[PDB]
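> Structural data only, the sequence is not supplied:
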Ligand SMILES: Cc1nnc2c(N)cc(C(=O)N3[C@H]4Cc5ccccc5[C@@H]3CNC4=O)cn12
């Protein structure tokens with residue numbers, strides 16, 4: 001229905017704003033664009049589901065997220081991919097892992113403070129009905 005499309009449109013607006021706030025954070029720069037296989041050689045073969053903030057925006061705009069839970073699955077993927085690809089004790093790997101975890105924690109904290117749980121419940125119920 002039109003009321004349901006208004007719900008998903010508000011969800012997209014909310015998701016774009018959260019994504020923009022992550023994207024402008026200096027700590028999260030290396031998560032703003034897809035990992036370039038030319039600059040990071042074995043990446044696209046090791047990481048099966050690459051995910052980054054520009055692809056998250058692309059997915060919002062393509063109406064791929066019908067709930068905040070679906071969006072957060074992709075945020076979790078940015079974090080888990082970095083933990084998998086950079087698992088060593090060296091400072092380089094520890095820094096990207098900390099930034100990846102911080103990106104995921106910031107997204108969850110923004111949503112905890114700003115997302116009305118009845119709004120998410122409505123999105124979940126329209127999705128489950130389709
Ligand atoms: C995410 C992630 N997960 N692992 C690594 C990694 N090992 C390196 C990089 C890394 O530093 N960047 C990547 C992605 C990127 C995107 C925007 C701006 C800079 C960068 C830099 C430069 N080029 C790249 O392809 C990122 N990673």
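Perfect, I can see it now. Numbers count the residues shown, from 1 in each chain.

> Find the residue closest to the residue positioned nearest the centre of the chain in space, skipping its chain neighbours.
In the chain, the C-alpha nearest the mean C-alpha coordinate belongs to residue 75, at 2.8 Å (CA atoms, centre = their mean). Nearest residue to residue 75, sequence neighbours excluded (CB to CB, 6 or more residues apart in numbering): residue 107, at 4.5 Å. (C-beta placed from N, C-alpha, C; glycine too.)

> so which helix or strand takes in that neighbour?
Using DSSP states H and E, the element containing residue 107 is helix 91-114.

> Would you mind listing what in this structure touches the ligand?
Residues of the chain lying close to the ligand by CB under 6 Å from any ligand atom are 29-33, 35-36, 39-40, 82, 85-86, 96.

> List the contacts of stretch 76-91.
If you take CB atoms under 8 Å, 6 or more residues apart in numbering as the criterion, stretch 76-91 is touched by 31, 43, 46-47, 49-53, 56, 92-94, 96-97, 99-101, 103-104.

> hmm, try it at 6 Å
Contacts to stretch 76-91, defined as CB atoms under 6 Å, 6 or more residues apart in numbering, come from residues 31, 47, 49, 51, 93, 96, 97, 100, 101, 104.

> I am finished for the moment; much appreciated.
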